[PDB]
Structures are given as C-alpha cells and as structure tokens.
C-alpha cells in the first residue's frame, strides 16, 4: 500500500480541520494521537495507477499558541500550508509556517492553499499571492465549505511524490456535500485572475 504522511499547517482559523474533514472515510477512519494531540485522517484517492493514501495530520488547535512540536512534523513526506483569503495576517504568517516546516522536513513537496474563496469580500487576491512563486511551491484557491478545488493539492502532491506527471484520479473521493455554494462565475474569475497573475511580474 502506498501512503504518505502529509502535514496540514497554517494559522488557527484558516479552515484546516474543515478542509480535512470533507473526506468522509478520512473522517470515519481517523486516528487520535494523544501524545501530540493530533488526528490523523487516512485519505485514500484512487489513481490510474492504484490507490494512494495521504495520512493527513490535523492539529487540535495548538497552533493558536505558538509553533508545533517536532513530533508533529517528523517523517512528513509532504505538506499543505493553508491561509484564509479573508485574513491578510494569515497570509503574512505563511513564510513562518514554511520556515518551521522546512526546518524539520527539508526537501518535501508543499502546496499553498488560500481557503474560504466562497466569501465574496475577498481580501487576499491573486495579485498579492506570491510566496509560492518565491519558493517554487504550487498554489491553489480552495473553499473547504464548498469542496471547491478539494482534490487539487492532493493530485499535485501525488504527481510529485510518485514522479508521474500524467497521474490522474479515476474518481473523486466521497465528500461531505457542499454547505455553501461556490458561484461558478466567481470561480471562473478567480482562476483567470491567477493565470493573469502567473504571467505577470
């Protein structure tokens, strides 16, 4: 069985727990690690080359009080760094998370995710999201509450870890139904805005 420890980090309140819990089996088969106060969600995705399991480490809120302990990071093979596109300070703190992460983990593939893009009054827009470009990371807009772009970070990570740029997910995992609607037009605009931003500067 192919599996990877994936650490999910970012400021308190950015939507990490809401994001990981979208995956229904990941939630039903989650494991609590009492010593570190972590829940590990085993998220299986079915690819054209078979199942890949991401064991996603979600905190119990301790990130609100400072950096996470070494044991949280140890043996991570990949990571998602999340911020909230409605809270500029959460984006300002991304470089801190990246530092703390790479201090313990070095090499690993990392996706940067701007969460909550379902919220109309967006504060951190495409033109301001630069950190990934500075550090060779992949970026996605997401909305945990609507499942918007849910699979994207996992698929990018899988391709990187497996070393197969043509890897595909055969089907989406079973997800909790969207609690909010992600306006298709809005999504189209944000995707374009990221394209424009990517070709810019």
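Positions refer to the first chain, counted from 1.
Visitor: With respect to the recorded C-alpha B factors, which stretch has the higher mean value, 79 to 87 or 98 to 106?
Guide: In the deposited entry, the stretch with the higher C-alpha B-factor mean is 98 to 106.
Visitor: According to the deposited model, is the average Cα temperature factor higher in 23 to 31 or in 128 to 136?
Guide: Result: 128 to 136.
Visitor: Using the B-factors in the PDB entry, rank residue 153's C-alpha atom against the chain and give the third, lowest, middle or highest.
Guide: Residue 153: CA B-factor falls in the lowest third of its chain.
Visitor: Sort the modelled residues of this chain by their C-alpha B factor and say whether residue 53 lands in the lowest, middle or highest third.
Guide: Its C-alpha B-factor, which the entry lists for residue 53, ranks in the lowest third among residues of this chain.
Visitor: Test of reading the entry: by CA B factor among the chain's modelled residues, which third contains residue 41?
Guide: Lowest third.
Visitor: Report the third (lowest, middle or highest) to which the CA temperature factor of residue 15 belongs, ranking only the modelled residues of the same chain.
Guide: For residue 15, the deposited C-alpha B-factor lands in the lowest third.
Visitor: Taking only the Cα B-factors deposited for this chain, tell me whether residue 166 sits in the lowest, middle or highest third.
Guide: Residue 166: CA B-factor falls in the highest third of its chain.
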